[PDB]
Number of protein chains: 2
Amino acid sequence: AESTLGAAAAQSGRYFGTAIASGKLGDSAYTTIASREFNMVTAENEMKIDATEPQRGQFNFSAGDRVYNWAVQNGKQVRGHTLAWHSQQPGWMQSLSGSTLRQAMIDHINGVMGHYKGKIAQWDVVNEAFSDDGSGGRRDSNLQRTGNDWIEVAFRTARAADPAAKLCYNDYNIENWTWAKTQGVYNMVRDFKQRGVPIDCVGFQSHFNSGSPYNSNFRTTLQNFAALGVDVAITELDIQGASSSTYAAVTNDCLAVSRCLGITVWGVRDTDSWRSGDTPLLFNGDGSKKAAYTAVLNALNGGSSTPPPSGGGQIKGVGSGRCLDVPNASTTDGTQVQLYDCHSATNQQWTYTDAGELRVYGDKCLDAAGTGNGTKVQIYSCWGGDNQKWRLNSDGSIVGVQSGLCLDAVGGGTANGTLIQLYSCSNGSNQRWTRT
Amino acid sequence: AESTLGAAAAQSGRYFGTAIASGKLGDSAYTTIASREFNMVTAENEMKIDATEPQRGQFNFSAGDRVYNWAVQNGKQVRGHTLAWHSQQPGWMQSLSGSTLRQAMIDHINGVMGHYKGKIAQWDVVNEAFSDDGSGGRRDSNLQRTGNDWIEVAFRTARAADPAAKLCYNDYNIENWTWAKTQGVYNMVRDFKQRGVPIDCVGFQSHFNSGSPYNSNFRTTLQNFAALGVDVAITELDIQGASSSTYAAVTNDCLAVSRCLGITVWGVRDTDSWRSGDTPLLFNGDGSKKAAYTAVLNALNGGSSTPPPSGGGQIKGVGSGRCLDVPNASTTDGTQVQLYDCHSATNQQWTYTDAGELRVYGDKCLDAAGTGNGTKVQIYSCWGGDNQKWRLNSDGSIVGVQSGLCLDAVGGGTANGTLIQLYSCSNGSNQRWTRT
Ligand SMILES: CO[C@H]1[C@H](O)[C@@H](O)[C@@H](O[C@H]2[C@H](O[C@@H]3CO[C@@H](O)[C@H](O)[C@H]3O)OC[C@@H](O)[C@@H]2O)O[C@@H]1C(=O)O
Ligand SMILES: CO[C@H]1[C@H](O)[C@@H](O)[C@@H](O[C@H]2[C@H](O[C@@H]3CO[C@@H](O)[C@H](O)[C@H]3O)OC[C@@H](O)[C@@H]2O)O[C@@H]1C(=O)O
Ligand SMILES: O[C@@H]1[C@@H](O)[C@H](O[C@@H]2CO[C@@H](O)[C@H](O)[C@H]2O)OC[C@H]1O
Ligand SMILES: O[C@@H]1[C@@H](O)[C@H](O)OC[C@H]1O
Ligand SMILES: O[C@@H]1[C@@H](O)[C@H](O)OC[C@H]1O
């Protein structure tokens, strides 16, 4: 099983990327993670219209190239984002309309693709052209007002500018098949393919949250578009709350569709997110892997034939054959957990939540009061602290998100009453566990 | 009164205070909450040694008086903090020792107490004089080196400077009766009382976290000290994670002790906390009441007529007589909840967690999309966002922490299938629920 997202994705011929912010590239903590985990890069803002053509006819690639250079220097491909869009247009363009805007759109496409010709894997040629008003129609923007054919023109222009790049139409809220927006976009791509309009891919931003939740029918959405003869890509993935199950579900949806090229999460750490408040990424503020990271990696690596327990379950240490136990079924915060003869008792029933917590009694969380070796692993009222979140590695180890240390049975102990602590991860049987 | 903390505590002859930071008195959002909820104020830094006597013999009461005046003008008494302490001493004092330091200590007490003579309800005369080494002995500091009798001298000095003030010894990690530090303090206070040393109160900072968790024996500690003939006060309360149950437990511990004068939480909003990372207070950064706030208020008002349910229970609407139900027991994120004939089924069993979530199925959370009226109330993977946290008002209403809006049966509906939304609280029967 591969150890990093990009490499794991590559095991199925796919890529796993992120959105890079040029201004954060001087931050070693940021780049260490980004360079290690992803093999695909999208400039978060540096290749947008305002950044690449600040004044009409004056193309500026300094910012975009800072991102591009970093990507290629570190073995990553690049997704160009984005050429035609109603948002983040430079002031001079916002003042345009009609034929003048139409030609500016065409000139912009030519200038940017010309500069990056032969260097970009995919280009989000047109972004967010459909409305969220429920009509399944076009967004009313200066671009749409130039004529309904603006999108088609953008793609034809792009094909000529760089016939080597995959041309994508990118949008959000087009993941749930039942949504009018999703179907409106489907009809457009269908029409394009039927009439010969150059389009090779559809990018699903995949910004999931309680307002626009992930739905299992996303797989049918991807299949529907793939059947039109275009590749599909998850371009700006982030999930409010970073549910491990939802992240794995989205990953498995892509792995289920042969035409799904790969997945790009919109950012590196939650603190780098445009929606940091939703802690929707795979790494938290201090750059540590979250429970969701492990779920995605597991999925990319093929997962397992035996689905993980749900609604509870024991945690038995392979070394002692004993289960994680809360002394005397106590509910006192600060109570250090131990290894004890497995038996049907709530004080041995642990639930691995999508947030990455290990709950017992329903409201008590496996908790670590410290980050160094020998830290006592105990129970404490659940509140979501990083010292209450864990990653269940495929090798059977259980690592604390905040500490990066493995649950360890003191002195390799195996007898009952053996205390559980944190300690540098090894491979010892006193650090491996089985979910029953 | 019973709608605010101070007023609710006053019903039992107690107070509920906070630590005030003079630098935030210009913040209306800050003062709106502070002036409304508390009837006791402790200067967070303005009455410390360094602040009141910048240079030997040269007293400055500008900052202290600003906090004192604000408190009194807004109907709050004041706890003086603090007269003798090893930490944060001014440069001129840190360089003193022996008899000279002893004299400085005595001079400082006379100057500060003389200035506030008869205006201070309680004074933390001596602060944190015991060690955390586990020996139960005195902390090794410049003060302790002047002679073991410095504490007694401090109290005798204080009593003379102002006999109208209650003189307290304040410390942290003295809440758990089994801890050696607690015993050391206990033995000293007992000795003082037997020898007539003028000590009227013992302040328990009450800083609870996974490293030094709340334990039910805290009530025993308070009761044991009270039995010595000294009042007790919870002086700097904050709880890592702000568990509703722990905050209510601490509140009830004070209400259970006749000598417990009141409770002071160490700050107004989590963003104002010296430990904001532990989100240990009763209000959020945006100033919204947290789940713990309601728990504390409810406790101060005399709890309920019957001990509230614990883990897994139905939530029945008063006006409809029907239960909060997840349509067809769906587990799909985004499923809007409804009212339905009550029956024993998991899709009707809700667990109110200490963090304020309302869980179903074990890892699904009552979730509000937006924050305005009409917002759909649904289920979504649990992650702890404020839109997944709720307050159980004694009046039977359920309010969302983020929105400040009440769970509402659409259009006062009462039939099966009536959808649930958020809406300005109205005390209506379509917004009232009972847990059975
Ligand atoms: C096989 O019996 C089950 C029924 O097929 C199943 O529909 C359910 O029926 C319950 C009924 O369920 C509610 C139906 O409306 C939904 O909107 C609501 O969310 C459901 O909770 O509630 C009344 C109860 O008497 C019915 O039996 O469950 C049946 C079962 O066997 O549990
Ligand atoms: C006679 O006053 C009534 C108002 O005219 C009426 O609008 C309503 O106002 C309530 C408000 O009602 C909600 C309206 O939307 C529904 O979907 C929801 O279920 C209702 O609860 O709720 C907030 C409350 O502050 C307003 O006063 O009811 C008023 C009344 O007193 O009956
Ligand atoms: O104020 C502007 C921001 O709102 C803008 O935000 C970007 C919007 O597009 C998203 O894809 C990006 O992640 C997000 O940063 O950035 C430019 C800034 O001036
Ligand atoms: O917690 C342990 C319990 O699970 C076992 O049944 O009896 C011994 C206890 O210490
Ligand atoms: O159990 C621990 C063991 O795994 C580690 O290797 O050495 C220290 C022990 O306490």
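Per the PDB record, this model was obtained through X-ray crystallography at a reported resolution of 2.00 Å.

Caption draft 1: Expanded view of the pairing of strand β11 (residues 322–325) of chain A. Residues and elements named next belong to chain A. Inspection of the sheet shows strand β10 (residues 315–317) paired to β11 by 2 bridges, in the antiparallel sense. What sits directly across from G317, in β11, is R322. Remark: 4 residues form the turn of the hairpin made by β10 and β11, two consecutive strands paired antiparallel; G321 in that turn has positive phi of roughly 65°. When β11 meets strand β12 (residues 338–340), the two strands line up antiparallel, connected through 3 bridges. Opposite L324, over in β12, you have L339 as the bridge partner.

Caption draft 2: Structural view of the UniProt feature "binding site: beta-D-galactose 1" (unreviewed entry) in chain A. Residue and element names in this part refer to chain A. Within the UniProt annotation, "binding site: beta-D-galactose 1" (unreviewed entry) is assigned to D325, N328, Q338, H343 and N347. Annotated residues spanning 23 residues; largest pairwise C-alpha distance 13.7 Å, indicating a single compact cluster. Its place among the elements puts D325 in strand β11. Once residues within four sequence positions are removed from consideration, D325 is found in contact with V337, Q338, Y340, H343, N347 and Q348. Relative to the assigned elements, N347 resides in the loop between β12 and β13 (351–352). For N347, a relative accessible area of 6% gives the class buried. Those residues within four positions of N347 in sequence are excluded, and the remaining contacts are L324, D325, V326, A329, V360 and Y361.

Caption draft 3: Representation of the state of the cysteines within the structure. All names here are of chain A. Scanning the model with the defined rule gives 10 disulfides over all chains in all. In this model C323 forms its disulfide with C342; the gap between the sulfur atoms is 2.0 Å. Taking the torsion about the S-S bond as the criterion, the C323 to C342 disulfide, at about 95°, is right-handed. In this pair, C323 is assigned in strand β11 and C342 in the loop between β12 and β13, connecting sequence segments 19 residues apart. Judged by relative accessible area, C342 falls into the partly exposed class, the value being 32%.

Caption draft 4: Spatial organisation of the site of ligand 3. Residue and element names in this part refer to chain A. In the neighbourhood of ligand 3, the contacting residues comprise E44, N45, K48, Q88, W266 and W274. The separation between an oxygen atom of ligand 3 and a polar side-chain atom of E44 is 2.7 Å. A distance of 3.4 Å separates an oxygen atom of ligand 3 from a polar atom in the side chain of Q88. Protein chains bury 46% of the 440 Å² of accessible surface belonging to ligand 3 in isolation. For the shell around ligand 3, the per-class residue count stands at 2 nonpolar, 2 polar and 2 charged.

Caption draft 5: Looking closely at the packing of helix α8 (residues 150–161) of chain A against helix α9 (residues 180–195) of chain A. All names here are of chain A. It is the contact of α8 with α9, at a shortest axis distance of 12 Å, that shows an interaxial angle of 55°. One element, α8, and the other, α9, form an angle in the oblique class. Along this stretch, α8 crosses α9, giving a crossing that reads as right-handed. Contacts from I151, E152, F155 and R156 of α8 reach α9 at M188, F192 and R195. Looking at the contact of α8 with α9, its residues break down into 4 nonpolar, no polar and 3 charged.

Caption draft 6: Broad picture of the site of ligand 5. All names here are of chain A. Within the structure, ligand 5 sits among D408, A409, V410, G411, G412, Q421, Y423 and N430. Residue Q421 places a side-chain N or O atom 3.3 Å away from an oxygen atom belonging to ligand 5. Side-chain polar atom of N430 to an oxygen atom of ligand 5: 3.0 Å apart, as the coordinates give it. Those elements giving two or more residues to the shell around ligand 5 turn out to be β19 (406–409) and β20 (418–423).

Caption draft 7: Seen up close, the interface of chain A and chain B. Contact with chain A, which involves 32 residues of that partner, is made by 33 residues of chain B. Carbon and sulfur atoms supply 49% of the area buried between chain A and chain B, which totals about 2,100 Å² over both sides. Of all residues in chain A, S210, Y380 and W383 of chain A bury the most surface against chain B, accounting for 29% of the area lost on that side. Applying the counting rule to chain A against chain B returns 8 residue pairs in polar contact. For the side of chain A that touches chain B, the secondary-structure elements that each account for two or more residues are β15 (364–368) and β16 (377–381) of chain A. The element that contributes the greatest number of residues to the side of chain A that touches chain B is β16 of chain A, accounting for 3 residues. Grouping the amino acids of the side of chain A that touches chain B by side-chain chemistry returns 10 nonpolar, 15 polar and 7 charged.

Caption draft 8: Layout of the pattern of salt bridges. Summed over the entire model, instances satisfying the criterion amount to 41 salt bridges over all chains. In this structure, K24 of chain B engages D272 of chain B in a salt bridge whose closest nitrogen and oxygen atoms are separated by 3.2 Å. One end of the pair, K24 of chain B, is in the loop between β1 (15–20) and α2 (28–37); the other, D272 of chain B, is in the loop between β9 (260–265) and α12 (291–300), and 248 residues separate them in sequence. Taken together, the shared-partner salt bridges in this structure form one network comprising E152, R156, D191 and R195 of chain A.

Caption draft 9: Region of interest: the domain arrangement of chain A. Residues and elements named next belong to chain A. The domain boundaries assigned to chain A delineate domain 1 (1–300) and domain 2 (313–434). Domain 1 and domain 2 are separated by 40 Å when their C-alpha centres are compared. With 11 residues of domain 1 in contact, the opposing surface of domain 2 contributes 10 residues. With both chains or domains summed, domain 1 and domain 2 bury close to 770 Å², and 46% of this area falls on carbon and sulfur atoms. Contact with domain 2 buries surface across domain 1, with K289, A291 and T294 losing the most and accounting together for 48% of the total. In this structure, the connection of domain 1 to domain 2 is made through 0 salt bridges.

Caption draft 10: Layout of the relation of the copies chain A and chain B. Placing chain A over chain B gives an RMSD of 0.6 Å and needs a rotation angle of 179°, together with 0.3 Å of translation along the axis. Here the transformation between the copies is reduced to the relation of a two-fold axis. The position closest to the rotation axis in chain A is occupied by the C-alpha of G384 of chain A, lying 3.5 Å away. Mapped onto chain B, 100% of the interface residues of chain A again fall at the interface, so both copies present the same surface.

Caption draft 11: A look at the pairing of strand β8 (residues 231–239) of chain B. Residue and element names in this part refer to chain B. Among the 9 residues that make up β8, 9 are buried, leaving the element largely enclosed by the rest of the structure. For strand β6 (residues 201–204) and β8, the ladder comprises 4 bridges, and the chain directions are parallel. Looking across to β8, one finds that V202 is bridged to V232. The pairing of strand β7 (residues 207–208) with β8 spans 2 bridges and is parallel. Counted as the bridge partner of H207 is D238 from β8. Examined bridge by bridge, β8 and β9 share 3 bridges and lie parallel to one another. Following the sheet pairing, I234 is matched in β9 by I263. Since β8 and β9 lie parallel, the crossover through helix α11 (residues 244–255) that links them has a hand, and here it is right-handed.

Cut-offs applied
- Residues numbered from 1 in each chain as written, not as in the entry; some residues may be left out.
- Chains lettered and ligands numbered in written order.
- Heavy atoms only, no water.
- Pairing = 2+ DSSP bridges.
- Helix = DSSP H or I, 4+ residues; strand = E, 2+ residues; numbered from the N terminus.
- UniProt positions renumbered as here; feature names shortened; annotations may be inferred.
- Contact = heavy atoms within 4.5 Å.
- Buried < 20%, exposed > 50% of the residue type's maximum accessible area, 1.4 Å probe, protein only.
- Disulfide = S-S within 2.5 Å.
- Near = heavy atom within 4 Å.
- Polar contact = N/O pair within 3.5 Å; in protein donor to acceptor, adjacent residues only side chain to side chain.
- Areas by Shrake-Rupley, 256 points an atom, 1.4 Å probe, with all protein chains shown as cover.
- Nonpolar A, V, L, I, M, F, W, Y, C, P; charged D, E, K, R; others polar.
- Axes fitted to C-alpha atoms, helices over the stretch in contact; angles between N-to-C directions.
- Parallel < 35°, antiparallel > 145°, perpendicular 65-115°, else oblique.
- Left-handed = near helix turned anticlockwise from the far one by under 90°.
- Buried area = accessible area lost by both parts, 1.4 Å probe.
- Salt bridge = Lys/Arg side-chain N within 4 Å of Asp/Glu carboxyl O.
- Domains from an automatic or database assignment.
- Least-squares fit on C-alpha atoms.
- Right-handed = clockwise from strand over helix to strand, strands pointing away.

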